[PDB]
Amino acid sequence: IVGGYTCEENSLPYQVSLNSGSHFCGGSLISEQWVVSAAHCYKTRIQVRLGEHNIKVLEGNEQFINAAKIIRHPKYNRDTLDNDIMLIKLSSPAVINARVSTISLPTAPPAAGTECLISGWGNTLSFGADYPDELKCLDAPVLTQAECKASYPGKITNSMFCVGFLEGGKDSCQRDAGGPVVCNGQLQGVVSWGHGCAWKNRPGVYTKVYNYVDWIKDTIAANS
């Protein structure tokens, strides 16, 4: 997260860390057994870390749970970035508590101008590398689809929307992918891609979770 702030500890209890020896992507807990992330975050083995604030300090109030299933959207495409969404089934259910809880799935598409919360442990610099141990947060509005499409001509598919600031300086960045964009208490977006980080007129591009509510329901049901 470039241009954000350190989140209040454990105040985003739906935020998870995906770990394969190190933190490499974010995710969102959507049920006791399932996490949503980005398909480009796929690895064959993933440890899910819930309840995290500082990824380098084992406080003891985290829950580390190995992934039992890791399912990219079958129509994910690494060239177009279409369908950049992934589901992870936990090998044992996450225990819901003050620090670990689910985020509601969206009931309507994202509305331009809505204030959202983007979060992750991504790079904090647009030029350079400064990766934070503590979870970072960014208050950012949904941009119009026209703003998104004009920023990336011919690249914004049906599965995508933009959140952020055209003036630059405030964006998600590398190591944020898979993490949540939450608007009005619902998970509207998954951190996906952008040209650089926090560049002027190049806002973050996010997967439109609403377009995958049926795929999520069907995949959870097929893998129970």
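Take the two forms, find the largest set of C-alpha atoms that superpose within 1.5 Å, and that set is the rigid core. Numbers follow the displayed sequence, beginning with 1.
*Asks:* Could you say which moves further from this form in 4 other deposited structures of this protein, stretch 179 to 187 or stretch 51 to 59, by root mean square CA distance after aligning on the core?
*Replies:* After the core superposition, the stretch with higher RMS deviation in 4 other deposited structures of this protein is 51 to 59.
*Asks:* I'd like to know which segment deviates more from the shown structure in 4 other deposited structures of this protein: 60 to 68 or 170 to 178, using C-alpha RMS over all structures and residues after a core fit.
*Replies:* Comparing 60 to 68 with 170 to 178, the larger C-alpha deviation in 4 other deposited structures of this protein belongs to 60 to 68.
*Asks:* Which is higher on mean Cα B factor in this entry, 191 to 199 or 55 to 63?
*Replies:* According to the PDB entry, the answer is 55 to 63.
*Asks:* Would you mind comparing 94 to 102 and 115 to 123 for me and telling me which has the higher average C-alpha temperature factor in the entry?
*Replies:* Averaging CA B-factors over each stretch, the winner is 94 to 102.
*Asks:* Going by what the PDB entry lists, where does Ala108 fall on CA B-factor within its chain: lowest, middle or highest third?
*Replies:* As the PDB entry reports it, the C-alpha B-factor of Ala108 lands in the highest third of its chain.
*Asks:* Place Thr80 in the lowest, middle or highest third of its chain's C-alpha B-factors, as listed in the PDB entry.
*Replies:* Within its chain, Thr80 is a highest-third residue by C-alpha B-factor, going by the deposited values.
*Asks:* How does the C-alpha B factor of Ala221 compare with the rest of the chain: lowest, middle or highest third?
*Replies:* Highest third - that is where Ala221 ends up once the chain's C-alpha B-factors are sorted.
*Asks:* When the modelled residues of the chain are sorted by Cα temperature factor, does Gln15 land in the lowest, middle or highest third?
*Replies:* Its C-alpha B-factor, which the entry lists for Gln15, ranks in the lowest third among residues of this chain.
*Asks:* Lowest, middle or highest third: which one holds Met86 when the chain's residues are ordered by CA B-factor from the entry?
*Replies:* Lowest third, going by the recorded CA B-factors of the chain.
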